[PDB]
Amino acid sequence: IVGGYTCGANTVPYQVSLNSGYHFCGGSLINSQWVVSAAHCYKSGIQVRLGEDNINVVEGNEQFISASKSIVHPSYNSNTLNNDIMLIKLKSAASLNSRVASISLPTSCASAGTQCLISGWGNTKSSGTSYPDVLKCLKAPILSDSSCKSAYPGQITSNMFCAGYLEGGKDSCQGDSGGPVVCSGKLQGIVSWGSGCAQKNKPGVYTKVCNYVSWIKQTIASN
Ligand SMILES: NC(=[NH2+])c1ccc2[nH]c(-c3cccc(-c4ccccc4)c3[O-])nc2c1
Ligand SMILES: [Ca+2]
Ligand SMILES: [Cl-]
């Protein structure tokens, strides 16, 4: 997260860190046994880390659970990143409390101008690599479809939306992929891609979760 602030320990209880010996992507807990992340974060040997704040120190509240299976959307396209969503089933259910809690899936899509909270342990520099130890947060609005398409002509599908600031300075970045974009208490987006980080007129692009709710429900119900 570039230009964001320190969230504060366990203030984003649905945030998870996907770990394979280091933090490589974020995710969102949607129930005690399932996490939603981005398809491009897929790899084998994923350990899901819940209740984290400093990812390099065991401070208490952490729950480390191995993924039992990861389900990348069948129509995921790695070249366009269309359908960049994945579900991860946990080997055992997580213990939910005030520090570890799930986030609700939306019933309707959000409108441009909606303010959302984006969080993660990704890079904090637009020009360089600085990864934080604790969780960073950023409040950002969803942009209109015309501004998004004007920024990335020919690259936005109906399963994506832009959120951020066109002036640059505040944005999600590498390491934040797969994490949550929460608006009014509902998970509306998944950090997916962008051109660099926090560059002027190049906002972040997110997977539009409202388009996948029946898919998520049906997939969880059959696995
Ligand atoms: N400007 C942005 N809002 C933005 C958002 C997510 C990004 N994710 C990345 C990204 C860059 C290089 C590699 C990965 C990557 C690839 C495979 C697995 C995990 C991360 C990224 O997600 N850049 C990103 C830029
Ligand atoms: Ca920790
Ligand atoms: Cl277009």
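All values below come from the heavy atoms of this structure, side chains included, with hydrogens, waters and symmetry mates left out. Counting from 1, the numbers follow the sequence of the chain as shown.
- Considering only heavy atoms from C-beta on, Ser111 stays 4.5 Å or farther from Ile142 through its side chain.
- Across all non-hydrogen atoms, the minimal contact from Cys137 to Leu117 is CB-CD1, 3.9 Å.
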Practice item. Show your reasoning for whether side chain to side chain contact (heavy atoms under 4.5 Å, CB included) applies to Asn159 and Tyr212. Key: CA-CA 9 Å; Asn159 297 307; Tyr212 303 95; 3.1 Å; yes
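- With contacts defined as side-chain heavy-atom distances shorter than 4.5 Å, the pair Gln33/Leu90 qualifies.
- Hydrophobic cluster membership is shared by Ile65 and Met86, with clusters built from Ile, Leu, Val, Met, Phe, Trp and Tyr side chains linked at under 4.5 angstrom.
- Across all their heavy atoms, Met160 and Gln155 have their closest contact at SD-O, 3.6 Å.
- To the nearest 0.5 Å, atom CD of residue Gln63 and atom CD of residue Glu52 are 10.5 Å apart.
- No option in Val16, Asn10, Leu29 other than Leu29 meets the side-chain contact (heavy atoms from CB on, under 4.5 Å) test with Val100.
- Between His73 and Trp215, the two ring planes are tilted [angle within 30° to 60°].
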Practice item. Run the numbers on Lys43 and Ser20 for side chain to side chain donor-acceptor pair (under 3.5 Å), then give the verdict. Key: CA-CA 9 Å; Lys43 68 164 64 176; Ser20 51; 3.1 Å; yes
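- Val58 and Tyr22 are members of different hydrophobic clusters when ILVMFWY side chains are connected at heavy-atom separations under 4.5 Å.
- With hydrogens and angles ignored, the 3.5 Å screen pairs no side-chain donor or acceptor of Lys170 with any backbone N or O of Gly164.
- When all heavy atoms of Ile190 and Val181 are compared, the closest pair comes out as N-CG2, 4.1 Å.
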Review point. Would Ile1 and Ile118 satisfy side chain to side chain contact (heavy atoms under 4.5 Å, CB included), going step by step from the backbone distance to the final call?
Key: CA-CA 8 Å; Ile1 300 291; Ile118 308 172; 4.1 Å; yes
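- Of all heavy-atom pairs spanning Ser37 and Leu18, the tightest one is OG-CD1, 3.5 Å.
- When the side chains of ILVMFWY residues are joined at heavy-atom separations under 4.5 Å, either directly or via intervening members, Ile46 and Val191 end up in two distinct hydrophobic clusters.
- Atom OG of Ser150 and atom CG of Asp145 lie 10.5 Å apart (nearest 0.5 Å).
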Practice item. Carefully, step by step, assess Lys69 and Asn223 under the rule side chain to side chain donor-acceptor pair (under 3.5 Å). Key: CA-CA 9 Å; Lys69 48 160 54 182; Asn223 281 283; 2.8 Å; yes
Practice item. Decide side chain to side chain donor-acceptor pair (under 3.5 Å) for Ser119 and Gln15; before the verdict, give the C-alpha distance in whole Å, the side-chain angles of both, and the deciding distance to 0.1 Å. Key: CA-CA 8 Å; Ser119 48; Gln15 174 78 237; 2.7 Å; yes
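- Taking the centre of each ring, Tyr131 and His23 stay at or above the 6.0 Å mark.
- Closest of all the heavy-atom pairs between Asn211 and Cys109 is OD1-SG, 4.2 Å.
- Rounding to the nearest 0.5 Å places CG of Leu187 at 6.5 Å from CD1 of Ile103.
- To the nearest 0.5 Å, the span separating NE2 on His40 from OG on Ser78 amounts to 11.0 Å.
- Across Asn77, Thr207, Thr157, a single residue satisfies side chain to side chain donor-acceptor pair (under 3.5 Å) together with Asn82, and that is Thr157.
- When hydrophobic clusters are built by joining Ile, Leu, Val, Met, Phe, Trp and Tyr residues whose side-chain heavy atoms come closer than 4.5 Å, directly or via intermediates, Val2 is not grouped with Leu143.
- For the pair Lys208 and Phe161, the cation-pi test (distance below 6.0 Å, angle within 45°) is failed.
- Between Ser28 atom OG and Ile88 atom CD1 the span is 10.0 Å, to the nearest 0.5 Å.
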Point to revise | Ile30/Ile220 under side chain to side chain contact (heavy atoms under 4.5 Å, CB included): CA gap, chis, key distance, verdict | key: CA-CA 11 Å; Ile30 54 167; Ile220 287 179; 3.8 Å; yes
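- At most 12 non-hydrogen atoms from other residues, nucleotides or ligands lie less than 6.0 angstrom from NZ of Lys217.
- Considering only heavy atoms from C-beta on, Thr6 comes within 4.5 Å of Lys136 through its side chain.
- Here the options are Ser172, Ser192, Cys41, the test is side-chain contact (heavy atoms from CB on, under 4.5 Å), and the partner is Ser177; only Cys41 passes.
- Between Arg99 and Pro13 the shortest side-chain heavy-atom distance does not fall below 4.5 Å.
- Scanning both residues, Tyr152 and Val205, for their nearest heavy atoms gives CE1-CG2, 3.6 Å.
- Atoms CG and SG, on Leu138 and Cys116 in that order, are 10.5 Å from each other to the nearest 0.5 Å.
- In the hydrophobic clustering of ILVMFWY residues, with side-chain heavy atoms under 4.5 Å counting as a link, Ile55 and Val134 come out apart.
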